[PDB]
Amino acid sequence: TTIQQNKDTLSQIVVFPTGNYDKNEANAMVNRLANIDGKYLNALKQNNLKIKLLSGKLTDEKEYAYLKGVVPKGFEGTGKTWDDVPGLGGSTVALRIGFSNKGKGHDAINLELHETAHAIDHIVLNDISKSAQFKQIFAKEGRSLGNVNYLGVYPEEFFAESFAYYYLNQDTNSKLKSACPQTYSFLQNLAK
């Protein structure tokens, strides 16, 4: 079945953390990633993207020390830095176990799907969220999921959040279709 094939793909790219952690929650994160269309997961594997699950802060990892003490875009005036952010996506994917849900230090409906979407956008699709077509859709629909000063201002964040809505569950998929029909259609066409 497609679920088992996606888990097979994920078994080759997911890096579980050193040390001890909530193993059931880490498994739950993998099971949510397995709902992403296999085409995208296998394209990430082709590009040697590692999905790193972490048991500590993002900036405890050597490869993210360049973010120590830096304020992410949109976090200005909050006193928070990347040290306090539970997930990152783009050229890499890093995810703190236990912080999946909205409000756990981040605004996404689901951390792992949002961050992995960034990697798909950047690594696989050459920053499609900043392509002319998506910029047009973002200009009309980019505020319709709320968070208008973040999703509505950064097309790469609107893309990642829409992707997460599309793939998390049937409730979020239907909410995206109602709120952002052109974005939904774009994602339908992207998967074909």
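Numbering starts at 1 and follows the sequence shown.
Enquirer: So 40-48 or 123-131, which one's hotter by mean CA B-factor in the entry?
Expert: On average, C-alpha B-factors are higher across 123-131.
Enquirer: Mean C-alpha B factor from the entry: is it higher for 77-85 or for 105-113?
Expert: Mean C-alpha B-factor is greater for 77-85.
Enquirer: Among the candidates 145, 164, 53, 65, give the one with the maximum CA B-factor reported in the record.
Expert: Among 145, 164, 53, 65, the highest C-alpha B-factor in the entry belongs to 65.
Enquirer: Taking the entry's C-alpha B-factors for this chain, is residue 95 in the lowest, middle or highest third?
Expert: Lowest third.
Enquirer: Split the chain's modelled residues into thirds by Cα B-factor; is residue 156 in the lowest, middle or highest one?
Expert: It belongs to the lowest third of the chain when residues are ordered by C-alpha B-factor.
Enquirer: Going by what the PDB entry lists, where does residue 34 fall on CA B-factor within its chain: lowest, middle or highest third?
Expert: Residue 34: CA B-factor falls in the middle third of its chain.
Enquirer: In terms of the CA temperature factor given in the entry, to which third of its chain does residue 27 belong: lowest, middle or highest?
Expert: Lowest third - that is where residue 27 ends up once the chain's C-alpha B-factors are sorted.
Enquirer: Once the chain's modelled residues are ordered by C-alpha B factor and cut into thirds, is residue 9 in the lowest, middle or highest one?
Expert: Its C-alpha B-factor belongs to the middle third of this chain's values.
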